[PDB]
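So this block is target-v8.pdb, PDB, C-alpha atoms and all ligand atoms:
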MODEL        1
ATOM      1  CA  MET A   1       0.000   0.000   0.000
ATOM      2  CA  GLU A   2       3.015   2.255  -0.793
ATOM      3  CA  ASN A   3       1.220   2.599  -4.078
ATOM      4  CA  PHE A   4      -1.536   4.598  -2.321
ATOM      5  CA  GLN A   5      -1.642   8.040  -0.798
ATOM      6  CA  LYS A   6      -4.260   8.353   1.947
ATOM      7  CA  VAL A   7      -6.664  11.218   1.361
ATOM      8  CA  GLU A   8      -8.861  11.005   4.434
ATOM      9  CA  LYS A   9     -10.673   8.799   6.961
ATOM     10  CA  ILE A  10     -14.029   7.950   5.403
ATOM     11  CA  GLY A  11     -15.088   6.082   8.563
ATOM     12  CA  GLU A  12     -14.684   3.154  10.958
ATOM     13  CA  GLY A  13     -16.146  -0.080   9.742
ATOM     14  CA  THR A  14     -16.546  -3.337  11.485
ATOM     15  CA  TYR A  15     -13.229  -4.475  10.142
ATOM     16  CA  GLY A  16     -11.222  -1.378  10.510
ATOM     17  CA  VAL A  17     -10.596   1.985   8.923
ATOM     18  CA  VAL A  18     -11.784   2.897   5.409
ATOM     19  CA  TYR A  19      -9.794   5.579   3.707
ATOM     20  CA  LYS A  20     -10.419   7.508   0.527
ATOM     21  CA  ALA A  21      -7.165   7.055  -1.329
ATOM     22  CA  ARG A  22      -5.395   7.845  -4.473
ATOM     23  CA  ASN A  23      -3.359   5.537  -6.603
ATOM     24  CA  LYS A  24       0.063   7.460  -6.968
ATOM     25  CA  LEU A  25       0.866   5.599 -10.144
ATOM     26  CA  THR A  26      -2.529   5.039 -11.924
ATOM     27  CA  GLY A  27      -4.192   8.288 -10.647
ATOM     28  CA  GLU A  28      -7.304   6.205  -9.683
ATOM     29  CA  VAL A  29      -9.531   7.190  -6.738
ATOM     30  CA  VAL A  30     -10.373   4.399  -4.377
ATOM     31  CA  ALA A  31     -11.599   3.308  -1.030
ATOM     32  CA  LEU A  32      -9.117   1.351   0.978
ATOM     33  CA  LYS A  33     -10.186  -0.874   3.784
ATOM     34  CA  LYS A  34      -7.567  -1.929   6.370
ATOM     35  CA  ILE A  35      -8.573  -5.229   7.853
ATOM     36  CA  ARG A  36      -7.616  -6.010  11.455
ATOM     37  CA  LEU A  37      -6.454  -9.505  12.442
ATOM     38  CA  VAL A  38      -3.606 -13.579   7.882
ATOM     39  CA  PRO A  39      -5.937 -16.538   7.807
ATOM     40  CA  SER A  40      -6.335 -18.959   4.849
ATOM     41  CA  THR A  41     -10.204 -19.415   4.404
ATOM     42  CA  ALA A  42     -10.558 -15.640   4.627
ATOM     43  CA  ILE A  43      -8.172 -15.111   1.720
ATOM     44  CA  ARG A  44     -10.041 -17.825  -0.359
ATOM     45  CA  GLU A  45     -13.354 -16.124   0.727
ATOM     46  CA  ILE A  46     -12.218 -12.669  -0.253
ATOM     47  CA  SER A  47     -10.981 -14.032  -3.517
ATOM     48  CA  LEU A  48     -14.422 -15.328  -4.600
ATOM     49  CA  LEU A  49     -15.735 -11.743  -4.053
ATOM     50  CA  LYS A  50     -13.374 -10.532  -6.767
ATOM     51  CA  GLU A  51     -15.594 -12.267  -9.265
ATOM     52  CA  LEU A  52     -19.023 -11.265  -7.791
ATOM     53  CA  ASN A  53     -19.504  -8.354 -10.074
ATOM     54  CA  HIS A  54     -22.593  -6.316 -10.413
ATOM     55  CA  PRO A  55     -23.653  -2.735 -11.164
ATOM     56  CA  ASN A  56     -25.372  -2.545  -7.776
ATOM     57  CA  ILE A  57     -22.516  -4.053  -5.900
ATOM     58  CA  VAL A  58     -19.514  -1.787  -5.173
ATOM     59  CA  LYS A  59     -16.623  -3.337  -7.176
ATOM     60  CA  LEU A  60     -13.835  -5.127  -5.363
ATOM     61  CA  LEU A  61     -10.770  -3.779  -7.233
ATOM     62  CA  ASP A  62      -7.863  -5.535  -5.575
ATOM     63  CA  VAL A  63      -6.847  -7.519  -2.505
ATOM     64  CA  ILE A  64      -3.490  -6.701  -1.086
ATOM     65  CA  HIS A  65      -1.732  -9.005   1.326
ATOM     66  CA  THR A  66       1.636  -8.106   2.642
ATOM     67  CA  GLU A  67       3.528  -8.074   5.884
ATOM     68  CA  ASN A  68       0.601 -10.190   7.129
ATOM     69  CA  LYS A  69      -1.627  -7.094   7.042
ATOM     70  CA  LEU A  70      -4.723  -7.073   4.762
ATOM     71  CA  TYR A  71      -6.144  -4.250   2.551
ATOM     72  CA  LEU A  72      -9.192  -4.181   0.388
ATOM     73  CA  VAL A  73      -9.366  -1.618  -2.466
ATOM     74  CA  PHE A  74     -12.885  -0.840  -3.712
ATOM     75  CA  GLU A  75     -14.421   1.527  -6.193
ATOM     76  CA  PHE A  76     -15.221   4.794  -4.302
ATOM     77  CA  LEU A  77     -18.677   6.459  -4.202
ATOM     78  CA  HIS A  78     -19.239   9.961  -2.862
ATOM     79  CA  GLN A  79     -22.038   9.655  -0.380
ATOM     80  CA  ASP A  80     -23.830   7.038   1.808
ATOM     81  CA  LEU A  81     -27.578   6.584   2.337
ATOM     82  CA  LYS A  82     -27.452   7.933   5.801
ATOM     83  CA  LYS A  83     -25.907  11.319   4.986
ATOM     84  CA  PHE A  84     -28.328  11.527   2.115
ATOM     85  CA  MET A  85     -31.165  10.643   4.509
ATOM     86  CA  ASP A  86     -29.933  13.387   6.858
ATOM     87  CA  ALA A  87     -29.450  15.921   4.060
ATOM     88  CA  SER A  88     -32.944  15.403   2.868
ATOM     89  CA  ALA A  89     -34.948  15.134   6.141
ATOM     90  CA  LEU A  90     -36.934  18.381   6.026
ATOM     91  CA  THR A  91     -38.863  17.065   3.050
ATOM     92  CA  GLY A  92     -37.956  13.329   2.917
ATOM     93  CA  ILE A  93     -36.619  11.534  -0.163
ATOM     94  CA  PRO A  94     -39.210  11.726  -3.034
ATOM     95  CA  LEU A  95     -41.040   8.423  -3.243
ATOM     96  CA  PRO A  96     -39.931   7.812  -6.942
ATOM     97  CA  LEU A  97     -36.296   7.828  -5.685
ATOM     98  CA  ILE A  98     -37.046   5.635  -2.697
ATOM     99  CA  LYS A  99     -38.555   3.209  -5.200
ATOM    100  CA  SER A 100     -35.558   3.371  -7.554
ATOM    101  CA  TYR A 101     -33.061   2.692  -4.822
ATOM    102  CA  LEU A 102     -35.140  -0.175  -3.318
ATOM    103  CA  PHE A 103     -35.351  -1.748  -6.803
ATOM    104  CA  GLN A 104     -31.597  -1.515  -7.488
ATOM    105  CA  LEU A 105     -30.630  -2.872  -4.029
ATOM    106  CA  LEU A 106     -33.122  -5.667  -4.643
ATOM    107  CA  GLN A 107     -31.369  -6.292  -8.005
ATOM    108  CA  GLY A 108     -28.136  -6.397  -6.126
ATOM    109  CA  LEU A 109     -29.384  -8.912  -3.584
ATOM    110  CA  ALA A 110     -30.918 -10.971  -6.321
ATOM    111  CA  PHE A 111     -27.429 -11.228  -7.878
ATOM    112  CA  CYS A 112     -25.442 -12.117  -4.858
ATOM    113  CA  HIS A 113     -28.086 -14.391  -3.476
ATOM    114  CA  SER A 114     -28.376 -16.499  -6.592
ATOM    115  CA  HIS A 115     -24.534 -17.078  -6.206
ATOM    116  CA  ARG A 116     -25.153 -17.971  -2.533
ATOM    117  CA  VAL A 117     -23.423 -14.891  -1.034
ATOM    118  CA  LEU A 118     -24.919 -12.977   1.875
ATOM    119  CA  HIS A 119     -24.265  -9.491   3.164
ATOM    120  CA  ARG A 120     -25.518 -10.204   6.740
ATOM    121  CA  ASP A 121     -24.935  -6.592   7.823
ATOM    122  CA  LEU A 122     -26.823  -4.185   5.545
ATOM    123  CA  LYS A 123     -27.331  -0.549   6.846
ATOM    124  CA  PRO A 124     -27.634   3.010   5.583
ATOM    125  CA  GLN A 125     -23.901   3.375   6.108
ATOM    126  CA  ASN A 126     -22.926   0.640   3.598
ATOM    127  CA  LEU A 127     -25.448   1.628   1.020
ATOM    128  CA  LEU A 128     -23.548   4.012  -1.258
ATOM    129  CA  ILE A 129     -24.879   6.546  -3.776
ATOM    130  CA  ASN A 130     -23.489   8.553  -6.851
ATOM    131  CA  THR A 131     -24.592  11.578  -8.904
ATOM    132  CA  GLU A 132     -26.031   9.447 -11.630
ATOM    133  CA  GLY A 133     -28.909   8.011  -9.579
ATOM    134  CA  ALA A 134     -27.276   4.675  -8.758
ATOM    135  CA  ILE A 135     -27.234   3.016  -5.376
ATOM    136  CA  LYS A 136     -24.793   0.181  -4.646
ATOM    137  CA  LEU A 137     -24.158  -2.382  -1.787
ATOM    138  CA  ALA A 138     -20.788  -2.158  -0.064
ATOM    139  CA  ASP A 139     -19.116  -4.976   1.927
ATOM    140  CA  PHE A 140     -20.958  -7.876   0.400
ATOM    141  CA  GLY A 141     -19.650 -11.182   1.646
ATOM    142  CA  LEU A 142     -17.319  -9.716   4.224
ATOM    143  CA  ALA A 143     -19.177 -11.164   7.189
ATOM    144  CA  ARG A 144     -18.743 -14.791   6.279
ATOM    145  CA  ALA A 145     -15.177 -13.945   5.387
ATOM    146  CA  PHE A 146     -14.059 -12.251   8.633
ATOM    147  CA  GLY A 147     -16.538 -12.703  11.525
ATOM    148  CA  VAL A 148     -18.696 -10.114  13.322
ATOM    149  CA  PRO A 149     -17.889  -8.662  16.780
ATOM    150  CA  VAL A 150     -19.821  -6.496  19.274
ATOM    151  CA  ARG A 151     -17.371  -3.546  19.414
ATOM    152  CA  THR A 152     -15.492  -2.539  16.228
ATOM    153  CA  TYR A 153     -11.648  -2.359  16.615
ATOM    154  CA  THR A 154     -12.725   1.207  17.787
ATOM    155  CA  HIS A 155     -15.335  -0.136  20.218
ATOM    156  CA  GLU A 156     -18.063   1.713  18.378
ATOM    157  CA  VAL A 157     -21.095  -0.487  18.888
ATOM    158  CA  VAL A 158     -22.164  -2.367  15.810
ATOM    159  CA  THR A 159     -25.884  -1.435  15.334
ATOM    160  CA  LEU A 160     -28.594  -4.030  15.912
ATOM    161  CA  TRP A 161     -31.232  -1.955  14.121
ATOM    162  CA  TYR A 162     -31.384  -3.913  10.862
ATOM    163  CA  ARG A 163     -30.700  -7.289  12.315
ATOM    164  CA  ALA A 164     -33.228 -10.131  11.405
ATOM    165  CA  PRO A 165     -35.174 -11.793  14.295
ATOM    166  CA  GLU A 166     -33.831 -15.319  13.576
ATOM    167  CA  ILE A 167     -30.307 -13.926  14.096
ATOM    168  CA  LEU A 168     -31.292 -12.470  17.489
ATOM    169  CA  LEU A 169     -33.113 -15.581  18.456
ATOM    170  CA  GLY A 170     -29.798 -17.451  17.928
ATOM    171  CA  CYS A 171     -30.365 -19.590  14.753
ATOM    172  CA  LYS A 172     -26.859 -20.717  13.861
ATOM    173  CA  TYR A 173     -27.650 -21.038  10.185
ATOM    174  CA  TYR A 174     -29.317 -18.236   8.312
ATOM    175  CA  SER A 175     -30.129 -17.683   4.751
ATOM    176  CA  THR A 176     -30.372 -14.839   2.354
ATOM    177  CA  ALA A 177     -33.628 -13.621   3.948
ATOM    178  CA  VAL A 178     -31.720 -11.961   6.631
ATOM    179  CA  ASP A 179     -30.709  -9.346   3.952
ATOM    180  CA  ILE A 180     -34.342  -8.906   2.888
ATOM    181  CA  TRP A 181     -35.255  -8.165   6.522
ATOM    182  CA  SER A 182     -32.517  -5.525   6.717
ATOM    183  CA  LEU A 183     -33.374  -3.948   3.384
ATOM    184  CA  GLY A 184     -37.020  -3.873   4.631
ATOM    185  CA  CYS A 185     -36.114  -1.913   7.674
ATOM    186  CA  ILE A 186     -34.099   0.470   5.481
ATOM    187  CA  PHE A 187     -37.132   0.939   3.175
ATOM    188  CA  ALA A 188     -39.427   1.852   6.131
ATOM    189  CA  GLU A 189     -36.706   4.220   7.260
ATOM    190  CA  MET A 190     -36.418   5.973   3.953
ATOM    191  CA  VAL A 191     -40.218   6.317   3.928
ATOM    192  CA  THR A 192     -40.689   7.584   7.446
ATOM    193  CA  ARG A 193     -37.333   9.435   8.209
ATOM    194  CA  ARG A 194     -36.651   7.522  11.495
ATOM    195  CA  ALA A 195     -35.211   4.075  12.106
ATOM    196  CA  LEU A 196     -37.951   1.483  12.331
ATOM    197  CA  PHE A 197     -36.356  -0.526  15.119
ATOM    198  CA  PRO A 198     -33.597   1.455  16.986
ATOM    199  CA  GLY A 199     -32.675  -1.202  19.514
ATOM    200  CA  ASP A 200     -29.801  -0.584  21.860
ATOM    201  CA  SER A 201     -29.303  -4.162  23.187
ATOM    202  CA  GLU A 202     -30.346  -7.479  21.765
ATOM    203  CA  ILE A 203     -33.398  -7.796  23.947
ATOM    204  CA  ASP A 204     -34.393  -4.121  23.273
ATOM    205  CA  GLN A 205     -33.967  -4.845  19.608
ATOM    206  CA  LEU A 206     -35.994  -8.026  19.813
ATOM    207  CA  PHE A 207     -38.636  -6.279  21.948
ATOM    208  CA  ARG A 208     -38.986  -3.342  19.621
ATOM    209  CA  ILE A 209     -39.578  -5.793  16.701
ATOM    210  CA  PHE A 210     -42.202  -7.599  18.848
ATOM    211  CA  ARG A 211     -44.026  -4.434  19.744
ATOM    212  CA  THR A 212     -44.629  -3.385  16.090
ATOM    213  CA  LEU A 213     -45.064  -6.820  14.512
ATOM    214  CA  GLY A 214     -46.556  -8.965  17.352
ATOM    215  CA  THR A 215     -44.511 -11.422  19.477
ATOM    216  CA  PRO A 216     -43.890 -14.362  17.150
ATOM    217  CA  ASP A 217     -45.545 -17.674  18.005
ATOM    218  CA  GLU A 218     -46.016 -21.129  16.397
ATOM    219  CA  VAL A 219     -48.936 -19.802  14.306
ATOM    220  CA  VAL A 220     -47.064 -17.004  12.556
ATOM    221  CA  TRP A 221     -43.631 -18.753  12.850
ATOM    222  CA  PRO A 222     -43.553 -22.554  12.990
ATOM    223  CA  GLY A 223     -40.518 -23.765  14.855
ATOM    224  CA  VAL A 224     -39.922 -20.430  16.626
ATOM    225  CA  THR A 225     -40.407 -21.576  20.243
ATOM    226  CA  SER A 226     -37.711 -24.065  19.985
ATOM    227  CA  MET A 227     -34.906 -21.645  18.817
ATOM    228  CA  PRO A 228     -31.980 -21.129  21.232
ATOM    229  CA  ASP A 229     -32.741 -17.605  22.639
ATOM    230  CA  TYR A 230     -36.513 -17.955  22.508
ATOM    231  CA  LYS A 231     -37.931 -17.650  26.041
ATOM    232  CA  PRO A 232     -41.651 -18.623  26.701
ATOM    233  CA  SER A 233     -41.451 -15.669  29.062
ATOM    234  CA  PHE A 234     -41.288 -12.955  26.300
ATOM    235  CA  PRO A 235     -44.027 -10.358  26.995
ATOM    236  CA  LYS A 236     -46.857 -11.032  24.611
ATOM    237  CA  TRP A 237     -47.380  -7.986  22.335
ATOM    238  CA  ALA A 238     -50.160  -7.421  19.806
ATOM    239  CA  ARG A 239     -49.469  -6.768  16.066
ATOM    240  CA  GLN A 240     -49.990  -3.212  14.815
ATOM    241  CA  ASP A 241     -51.525  -2.175  11.480
ATOM    242  CA  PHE A 242     -48.870  -1.079   8.912
ATOM    243  CA  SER A 243     -50.945   1.910   7.875
ATOM    244  CA  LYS A 244     -49.712   3.029  11.340
ATOM    245  CA  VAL A 245     -46.073   1.803  10.963
ATOM    246  CA  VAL A 246     -45.297   3.455   7.680
ATOM    247  CA  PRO A 247     -48.223   5.910   7.154
ATOM    248  CA  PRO A 248     -47.414   7.915   4.043
ATOM    249  CA  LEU A 249     -46.631   4.632   2.139
ATOM    250  CA  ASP A 250     -49.178   3.430  -0.319
ATOM    251  CA  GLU A 251     -50.809  -0.025  -0.441
ATOM    252  CA  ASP A 252     -48.401  -1.693  -2.935
ATOM    253  CA  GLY A 253     -45.610  -0.366  -0.668
ATOM    254  CA  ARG A 254     -47.136  -1.427   2.663
ATOM    255  CA  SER A 255     -47.785  -4.767   0.929
ATOM    256  CA  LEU A 256     -44.151  -5.235  -0.167
ATOM    257  CA  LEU A 257     -42.664  -4.183   3.143
ATOM    258  CA  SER A 258     -44.936  -6.617   4.912
ATOM    259  CA  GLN A 259     -43.602  -9.602   2.999
ATOM    260  CA  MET A 260     -40.054  -8.433   3.532
ATOM    261  CA  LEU A 261     -40.781  -8.309   7.209
ATOM    262  CA  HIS A 262     -42.488 -11.834   7.551
ATOM    263  CA  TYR A 263     -41.361 -13.540  10.773
ATOM    264  CA  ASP A 264     -40.717 -16.940   9.161
ATOM    265  CA  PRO A 265     -37.430 -16.503   7.140
ATOM    266  CA  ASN A 266     -38.875 -19.183   4.834
ATOM    267  CA  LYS A 267     -41.933 -17.323   3.793
ATOM    268  CA  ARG A 268     -40.166 -13.862   3.541
ATOM    269  CA  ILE A 269     -40.158 -12.847  -0.111
ATOM    270  CA  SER A 270     -36.854 -13.290  -1.927
ATOM    271  CA  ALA A 271     -35.112 -10.378  -3.857
ATOM    272  CA  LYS A 272     -36.157 -11.991  -7.137
ATOM    273  CA  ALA A 273     -39.805 -12.104  -6.152
ATOM    274  CA  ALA A 274     -39.798  -8.645  -4.684
ATOM    275  CA  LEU A 275     -38.539  -7.313  -7.984
ATOM    276  CA  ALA A 276     -41.752  -8.513  -9.605
ATOM    277  CA  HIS A 277     -44.036  -6.956  -7.040
ATOM    278  CA  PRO A 278     -46.734  -4.480  -8.254
ATOM    279  CA  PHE A 279     -45.021  -1.690  -6.318
ATOM    280  CA  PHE A 280     -42.362  -1.611  -9.112
ATOM    281  CA  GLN A 281     -44.890  -1.382 -11.887
ATOM    282  CA  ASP A 282     -44.099   2.221 -12.220
ATOM    283  CA  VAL A 283     -40.483   2.236 -11.286
ATOM    284  CA  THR A 284     -38.106   4.879 -12.654
ATOM    285  CA  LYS A 285     -34.586   6.157 -12.005
ATOM    286  CA  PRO A 286     -34.342   9.902 -11.034
ATOM    287  CA  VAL A 287     -31.103  11.617 -10.192
ATOM    288  CA  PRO A 288     -30.735  12.637  -6.592
ATOM    289  CA  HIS A 289     -29.645  16.379  -6.443
ATOM    290  CA  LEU A 290     -26.463  15.924  -4.244
TER     291      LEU A 290
HETATM  292  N1  LIG B 301     -20.322   9.715   5.197
HETATM  293  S1  LIG B 301     -20.125  10.256   3.635
HETATM  294  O1  LIG B 301     -21.421  10.444   2.943
HETATM  295  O2  LIG B 301     -19.387  11.512   3.791
HETATM  296  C1  LIG B 301     -19.266   9.125   2.560
HETATM  297  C2  LIG B 301     -19.307   7.749   2.809
HETATM  298  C3  LIG B 301     -18.640   6.844   1.951
HETATM  299  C4  LIG B 301     -17.945   7.304   0.823
HETATM  300  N2  LIG B 301     -17.325   6.482  -0.042
HETATM  301  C5  LIG B 301     -17.114   5.166   0.216
HETATM  302  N3  LIG B 301     -17.224   4.711   1.519
HETATM  303  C6  LIG B 301     -17.063   3.416   1.837
HETATM  304  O3  LIG B 301     -17.144   2.911   3.065
HETATM  305  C7  LIG B 301     -17.867   3.662   4.144
HETATM  306  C8  LIG B 301     -18.171   2.558   5.162
HETATM  307  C9  LIG B 301     -17.020   2.191   6.044
HETATM  308  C10 LIG B 301     -17.369   0.757   6.552
HETATM  309  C11 LIG B 301     -18.790   0.521   7.188
HETATM  310  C12 LIG B 301     -19.877   1.427   6.578
HETATM  311  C13 LIG B 301     -19.282   2.791   6.170
HETATM  312  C14 LIG B 301     -16.705   2.569   0.821
HETATM  313  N4  LIG B 301     -16.453   1.289   0.820
HETATM  314  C15 LIG B 301     -16.216   0.951  -0.439
HETATM  315  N5  LIG B 301     -16.293   2.047  -1.211
HETATM  316  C16 LIG B 301     -16.611   3.047  -0.498
HETATM  317  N6  LIG B 301     -16.797   4.322  -0.806
HETATM  318  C17 LIG B 301     -17.923   8.693   0.603
HETATM  319  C18 LIG B 301     -18.566   9.593   1.450
ENDMDL
END
Represent the supplied structure as structure tokens.
Amino acid sequence: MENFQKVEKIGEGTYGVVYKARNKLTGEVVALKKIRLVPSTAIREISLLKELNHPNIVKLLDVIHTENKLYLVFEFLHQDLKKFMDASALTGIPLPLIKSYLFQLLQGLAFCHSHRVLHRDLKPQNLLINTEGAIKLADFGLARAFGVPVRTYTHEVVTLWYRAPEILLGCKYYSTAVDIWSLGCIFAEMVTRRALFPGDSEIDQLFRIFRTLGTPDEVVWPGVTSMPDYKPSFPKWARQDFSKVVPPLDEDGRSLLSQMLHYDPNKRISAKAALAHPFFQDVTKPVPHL
């Protein structure tokens, strides 16, 4: 990484620092991830990402491995969904844009998911935007690759806000639907301008889900009561109408979000099926101002 000149700290990820950086030889502008430990499977895992190429997936440019330290070099985008959400909070993000972004992330998930790759940690901060109206997923596949801790190397708390219930209930094996749950929460959040489930511990996170969606049981979620962290003592909350959860959203939109938020990971709509949902009948791609 003597072939890069650091330009600035873009932020602390799970895995370490991400820098905006400039290739001193090639002139190219990049994001550089330092990864904190390296280990064999991780290198093989990274190296499959190199080939997982999609317009809605931030490109993995190169993997550099020297002096036992690890660096990931990605295409660079100029803004993330959060700063855009902040920027645009007085009036909210126009619904046509919300729809465009949802549709492109869905296209993204459909791609990775059909190759078996999960994100496992989607959030406004890894959703990245550009001036041409594109939105792209960042850090695909890095969770299986490295692991996830509680505190980042900088003991910033990793957020729970987008985590799927089956994860919090301790299922050791999850599928792609965990990303659908996350994207669902991010959708609601775009629509309303406030995180759907801002939990600040695992039980607070689980109990906020429960309060909005009803405490899961064997009727809505076969098999639920016998998952590791399920306690028959959970307070027994009633399910709220979605007209109340995401008010301004129209029917096709409340209908999609619903199926992305199904309790049973098995019944949860896949990316592929979401893409075909009536909500996208009128989908376009506007340019965000920026
Ligand atoms: N706050 S912000 O709007 O000022 C802004 C944000 C991100 C970027 N650019 C950018 N950022 C990344 O990681 C940001 C990421 C670090 C790890 C966890 C989530 C946050 C990238 N990873 C690949 N490519 C990347 N490109 C430009 C401006």
Set the cut-off to 6 Å, count only C-alpha atoms and all ligand atoms, and list whatever residues fall near ligand LIG 301 (chain B) as a PDB file with C-alpha atoms, in the frame of the given file.
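Written file, out.pdb:
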ATOM      1  CA  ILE A  10     -14.029   7.950   5.403  1.00  0.00           C
ATOM      2  CA  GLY A  11     -15.088   6.082   8.563  1.00  0.00           C
ATOM      3  CA  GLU A  12     -14.684   3.154  10.958  1.00  0.00           C
ATOM      4  CA  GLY A  13     -16.146  -0.080   9.742  1.00  0.00           C
ATOM      5  CA  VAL A  18     -11.784   2.897   5.409  1.00  0.00           C
ATOM      6  CA  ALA A  31     -11.599   3.308  -1.030  1.00  0.00           C
ATOM      7  CA  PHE A  74     -12.885  -0.840  -3.712  1.00  0.00           C
ATOM      8  CA  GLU A  75     -14.421   1.527  -6.193  1.00  0.00           C
ATOM      9  CA  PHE A  76     -15.221   4.794  -4.302  1.00  0.00           C
ATOM     10  CA  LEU A  77     -18.677   6.459  -4.202  1.00  0.00           C
ATOM     11  CA  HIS A  78     -19.239   9.961  -2.862  1.00  0.00           C
ATOM     12  CA  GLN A  79     -22.038   9.655  -0.380  1.00  0.00           C
ATOM     13  CA  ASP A  80     -23.830   7.038   1.808  1.00  0.00           C
ATOM     14  CA  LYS A  83     -25.907  11.319   4.986  1.00  0.00           C
ATOM     15  CA  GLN A 125     -23.901   3.375   6.108  1.00  0.00           C
ATOM     16  CA  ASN A 126     -22.926   0.640   3.598  1.00  0.00           C
ATOM     17  CA  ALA A 138     -20.788  -2.158  -0.064  1.00  0.00           C
TER      18      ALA A 138
END
**Item:** Explicit residues for the PyMOL selection byres (((chain A and resi 58-71) around 8) and not hetatm) (as a ChimeraX atom specification)
**Value:** /A:1,32-38,46-47,49-50,53-57,72-76,136-139
**Prompt:** Which one is closest to residue 258 in chain A: A:198, A:184, A:216, A:235? Count only C-alpha atoms.
**Reply:**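 Among the listed residues, A:184 lies closest to residue 258 in chain A.
Nearest residue to residue 27 in chain A, choosing from A:195, A:287, A:249, A:4 and counting all atoms listed in the file: A:4.
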**Prompt:** Using all atoms listed in the file, which residue out of A:147, A:39, A:278, A:265 lies closest to residue 174 in chain A?
**Reply:**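 Result for the nearest residue to residue 174 in chain A: A:265.
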**Message:** Suppose a student applies the PyMOL selection byres (((chain A and resi 245) around 10) and not hetatm) to this structure; what residues should they get, written as a list in words?
**Reply:**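 Listing what the PyMOL selection byres (((chain A and resi 245) around 10) and not hetatm) selects in the shown file: residues 188, 192, 196, 212, 213, 240, 241, 242, 243, 244, 246, 247, 248, 249 and 254 of chain A.
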**Asked** Rounded to one decimal in Å, what is the spacing between CA of residue 148 in chain A and CA of residue 201 in chain A?
**Response**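 Those two atoms sit 15.7 Å apart.
Note that CA of residue 140 in chain A and CA of residue 119 in chain A are 4.6 Å apart.
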**Request:** Quick one: pull the distance between CA of residue 179 in chain A and CA of residue 251 in chain A, Å, one decimal.
**Result:**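 Spanning CA of residue 179 in chain A to CA of residue 251 in chain A is a straight-line distance of 22.6 Å.
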Pick out the residues sitting within 8 Å of residue 104 in chain A, and hand them over as a compact mmCIF listing (two decimals) with C-alpha atoms, in the coordinates of the input; count all atoms listed in the file, and ignore anything fewer than 2 positions along from it in its own chain.
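Done, and the output landed in out.txt:
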# COMPACT_ATOMS: atom_id res chain seq x y z
CA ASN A 56 -25.37 -2.54 -7.78
CA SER A 100 -35.56 3.37 -7.55
CA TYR A 101 -33.06 2.69 -4.82
CA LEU A 102 -35.14 -0.18 -3.32
CA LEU A 106 -33.12 -5.67 -4.64
CA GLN A 107 -31.37 -6.29 -8.01
CA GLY A 108 -28.14 -6.40 -6.13
CA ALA A 134 -27.28 4.68 -8.76
CA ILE A 135 -27.23 3.02 -5.38
CA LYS A 136 -24.79 0.18 -4.65
**Message:** Residues near residue 25 in chain A, anyone? I mean within 10 Å using all atoms listed in the file, not counting same-chain ones fewer than 2 positions away, as a list in words.
**Reply:**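 In the requested format, the answer is residues 3, 4, 5, 22, 23, 27 and 28 of chain A.
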Can you tell me, as a CSV table (one decimal) with C-alpha atoms, in the coordinates of the input, what residues are no more than 9 Å from residue 257 in chain A when counting all atoms listed in the file, ignoring any on the same chain fewer than 3 positions away?
chain,number,residue,atom,x,y,z
A,184,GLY,CA,-37.0,-3.9,4.6
A,185,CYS,CA,-36.1,-1.9,7.7
A,187,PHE,CA,-37.1,0.9,3.2
A,188,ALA,CA,-39.4,1.9,6.1
A,252,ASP,CA,-48.4,-1.7,-2.9
A,253,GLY,CA,-45.6,-0.4,-0.7
A,254,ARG,CA,-47.1,-1.4,2.7
A,260,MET,CA,-40.1,-8.4,3.5
A,261,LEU,CA,-40.8,-8.3,7.2
A,262,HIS,CA,-42.5,-11.8,7.6
Kindly output range 183-191 of chain A as a short mmCIF file (atom, residue, chain, number, x, y, z; two decimals), in the coordinates of the input, after building N, CA and C atoms.
data_model
loop_
_atom_site.label_atom_id
_atom_site.label_comp_id
_atom_site.auth_asym_id
_atom_site.auth_seq_id
_atom_site.Cartn_x
_atom_site.Cartn_y
_atom_site.Cartn_z
N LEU A 183 -33.08 -4.94 4.41
CA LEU A 183 -33.37 -3.95 3.38
C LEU A 183 -34.79 -3.37 3.73
N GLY A 184 -35.66 -4.24 4.29
CA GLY A 184 -37.02 -3.87 4.63
C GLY A 184 -37.06 -2.76 5.63
N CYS A 185 -36.20 -2.89 6.64
CA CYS A 185 -36.11 -1.91 7.67
C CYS A 185 -35.60 -0.59 7.03
N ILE A 186 -34.71 -0.72 6.03
CA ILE A 186 -34.10 0.47 5.48
C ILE A 186 -35.15 1.20 4.63
N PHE A 187 -36.01 0.42 3.96
CA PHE A 187 -37.13 0.94 3.18
C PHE A 187 -38.06 1.81 4.07
N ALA A 188 -38.49 1.23 5.19
CA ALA A 188 -39.43 1.85 6.13
C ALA A 188 -38.85 3.16 6.54
N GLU A 189 -37.54 3.12 6.72
CA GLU A 189 -36.71 4.22 7.26
C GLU A 189 -36.57 5.36 6.24
N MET A 190 -36.30 5.00 5.01
CA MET A 190 -36.42 5.97 3.95
C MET A 190 -37.82 6.61 3.99
N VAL A 191 -38.88 5.78 4.07
CA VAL A 191 -40.22 6.32 3.93
C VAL A 191 -40.57 7.20 5.06
#
